[PDB]
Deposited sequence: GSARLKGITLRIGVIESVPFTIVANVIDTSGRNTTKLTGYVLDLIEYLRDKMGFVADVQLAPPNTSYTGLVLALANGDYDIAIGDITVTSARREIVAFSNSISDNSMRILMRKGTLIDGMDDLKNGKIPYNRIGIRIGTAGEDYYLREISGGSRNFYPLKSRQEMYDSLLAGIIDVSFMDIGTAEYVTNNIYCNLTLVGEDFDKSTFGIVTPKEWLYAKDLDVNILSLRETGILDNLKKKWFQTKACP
């Protein structure tokens, strides 16, 4: 069957990723960003009580999915890529955004694009990969013939710190946040090559979820009426770096 979310409390998993979900320390934590604004649009229209729960530090995206599958959250909202391995254990809403990935490196590194990685120009152990992300999936399929020979990374912060310190030469990142971070935070990091792994982001729900239709109709309505476009402009259309 099916029902509406009105009056229901949803434990909503979120995961730190600027400017999707921005975590500020205050003297407690305040969450802002595209995700929190999206949650408000949905709450206002649908009438659920939002119980927003930030994932622990260093939680990977597959870890968030596994946590929801284990019953730790009711839904999860974020820059979460829809993948076949994830779809085996959870459902996803209609997509909230297209997505693709780019190659991230320190300025001055001599890499022209993905061919350099596939042709063995970079030592595999100097390609940094955040485990439990779709980038890892792409790496294992396309680069290393299934071997985990990358330099493993536990978070975006470790990725940035490692590139800046010359511990790794390159990594992969979703295009939205990659543009955001290189245009606003790390002016000495840059993106190179064509984008790859065209994909989508979706809200994670339980499989065969009672509330699947209600959520999907609402997301599609936000898409159709331009609310998702507005939110994307609000949070992403900014550049600080010279």
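What the model leaves out of the deposited chain is one segment, 28 to 33.
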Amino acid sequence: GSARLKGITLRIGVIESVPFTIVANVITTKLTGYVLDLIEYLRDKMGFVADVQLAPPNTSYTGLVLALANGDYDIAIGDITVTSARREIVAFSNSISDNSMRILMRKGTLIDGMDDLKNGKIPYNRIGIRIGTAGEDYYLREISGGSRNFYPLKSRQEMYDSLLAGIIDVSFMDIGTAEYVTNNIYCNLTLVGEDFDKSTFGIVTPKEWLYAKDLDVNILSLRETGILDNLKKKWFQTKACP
From here on, numbers count along this sequence of modelled residues.
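Higher mean CA temperature factor between 230 to 238 and 15 to 23: 230 to 238, per the PDB entry.
Note on 5 to 13 vs 218 to 226: mean CA B-factor is higher in 5 to 13.
Across the options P123, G135, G128, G78, the residue with the most elevated CA B-factor in the record is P123.
Remark: of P206, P56, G63, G202, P56 shows the highest value [criterion: C-alpha B-factor in the PDB entry].
When the modelled residues of the chain are ordered by their C-alpha B factor, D174 lands in the lowest third. In the PDB entry, a CA B factor belonging to the highest third of its chain's modelled residues is recorded for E194.
Ranked against the other modelled residues of its chain, the C-alpha B-factor of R148 as given in the entry falls in the highest third. Per-chain ranking of the deposited C-alpha B factor places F92 in the lowest third.
Sort the chain's modelled residues by C-alpha temperature factor and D161 lands in the highest third, per the entry.
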